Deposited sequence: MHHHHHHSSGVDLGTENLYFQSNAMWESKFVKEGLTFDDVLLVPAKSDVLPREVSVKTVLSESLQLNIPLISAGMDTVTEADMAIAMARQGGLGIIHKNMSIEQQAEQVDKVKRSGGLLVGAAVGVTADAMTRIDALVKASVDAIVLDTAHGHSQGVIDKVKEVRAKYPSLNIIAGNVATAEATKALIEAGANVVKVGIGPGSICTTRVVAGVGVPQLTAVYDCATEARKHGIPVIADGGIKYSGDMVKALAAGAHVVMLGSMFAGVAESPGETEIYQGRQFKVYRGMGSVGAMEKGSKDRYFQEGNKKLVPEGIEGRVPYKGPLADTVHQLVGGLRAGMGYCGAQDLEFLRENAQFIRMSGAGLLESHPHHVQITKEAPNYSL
């Protein structure tokens, strides 16, 4: 009867619920450092990872991300031979960093072998429910065979789940159940945790083991990314904000005179070909990845400057939030003004 009475006690927050409180600062946005260390064999210049989705990251995107100082995860919706080849294609081009997504299946180990042979830097054990026993066991099975391999496991949204994956052998934990722009998990199954609260809860546990977390999904604007990092995440994972980029898979298509690209959930009907937990759609074309990355990092620099963070470590450990209502949100966006042109970082 303790489980019965504790059903509705927990409370969760997401990005649009909060703002970062300005702090004393003697650092300029130009001066701040945005480097992150996921592991001793995996370091990034910028805290950005492109999602391992069929409409987001393949060879070209992974190469582009690695060159902006980020990281790309090759999706698993292709043959083992195809993924190992694309991973190699990224490694061919200057010894850039590259990751590959692997699902929890029978052929999982076989796929990982061809990936490790292709000198992949990290594998992403992707599953909808990262707190499942099957996922945990497969992490252990993989950890045993490759102790020197970077293992990124997810997705989870609780501290209990984070501890479970870390103990299984995961050195990076991916956080996010339902916040995705193309996701319908919370709608069709009713399951999830508000992403900021999820990140905070998991980071609270991950810190105790010196393990980094990845904030994955739900990021609409560059400010959301700053919030995610300040909530405990080392690095974020983006899907929709990279999907309209030239380097992302798919072809540019015209709808009502504008340029779009296909963006679909990996749990959508189209991506599968279980009940679907994703949606299919399109996002505006945005040209080269460099322009989008520049606005994102530039937003992050401004944010860190406001908070007085010389590095992301200070940001995670010192940044304070303040909660706001819907009226606060509307004030936070432009209001009572007819916007006449698009800014490079707004709509």
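Participant: Could you sort out which parts of the deposited sequence are absent from the coordinates (no C-alpha) and give them as ranges from 1?
Facilitator: Coordinates drop out over 1-22, 296-309, 384.
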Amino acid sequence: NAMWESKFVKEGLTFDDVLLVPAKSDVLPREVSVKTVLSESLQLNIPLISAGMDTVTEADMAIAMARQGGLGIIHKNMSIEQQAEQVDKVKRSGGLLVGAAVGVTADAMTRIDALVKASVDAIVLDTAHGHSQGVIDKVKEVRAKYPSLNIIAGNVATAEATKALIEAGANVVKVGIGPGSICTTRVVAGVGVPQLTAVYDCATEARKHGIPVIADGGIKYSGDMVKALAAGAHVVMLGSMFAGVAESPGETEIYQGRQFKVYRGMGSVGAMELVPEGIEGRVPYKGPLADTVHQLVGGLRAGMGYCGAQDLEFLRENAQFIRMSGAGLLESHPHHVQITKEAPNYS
From here on, numbers count along this sequence of modelled residues.
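Basically, rigid core = biggest C-alpha set you can superpose within 1.5 Å across the two forms.
Participant: Give, as the answer, the stretch of 7-15 and 323-331 that departs more from the shown form in 8 other deposited structures of this protein; the measure is RMS Cα distance after a core fit.
Facilitator: More C-alpha displacement in 8 other deposited structures of this protein shows up in 323-331.
Participant: Superpose on the core, then say which of 222-230 and 182-190 ends up with the larger RMS Cα offset from this form in 8 other deposited structures of this protein.
Facilitator: The more displaced stretch in 8 other deposited structures of this protein turns out to be 182-190.
Participant: Taking the mean of the C-alpha B-factors per stretch from the entry, tell me the winner out of 246-254 and 199-207.
Facilitator: In the deposited entry, the stretch with the higher C-alpha B-factor mean is 246-254.
Participant: Quick check on the record: does 29-37 or 318-326 carry the larger mean Cα temperature factor?
Facilitator: Going by the record's values, the stretch with the higher mean is 29-37.
Participant: Could you tell me which one of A114, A157, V188, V226 shows the highest CA temperature factor in the PDB record?
Facilitator: Out of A114, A157, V188, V226, the record gives the largest C-alpha B-factor to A114.
Participant: Between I73, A153, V90, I214, which carries the biggest CA temperature factor in the record?
Facilitator: Max CA B-factor in the entry, restricted to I73, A153, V90, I214: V90.
Participant: For the chain shown, is the CA B-factor of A343 in the lowest, middle or highest third of its modelled residues?
Facilitator: It belongs to the lowest third of the chain when residues are ordered by C-alpha B-factor.
Participant: Going by the entry, which third of its chain does the Cα temperature factor of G94 land in?
Facilitator: Its C-alpha B-factor, which the entry lists for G94, ranks in the highest third among residues of this chain.
Participant: Looking at the entry's B-factor column for C-alpha atoms only, identify whether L125 ranks in the lowest, middle or highest third of its chain.
Facilitator: According to the entry, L125 has a C-alpha B-factor in the chain's highest third.
Participant: In terms of the chain's CA B-factor thirds, is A59 lowest, middle or highest?
Facilitator: Highest third of the chain for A59's C-alpha B-factor.
Participant: Where does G180 sit by CA temperature factor within its chain: lowest, middle or highest third?
Facilitator: Its C-alpha B-factor, which the entry lists for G180, ranks in the lowest third among residues of this chain.
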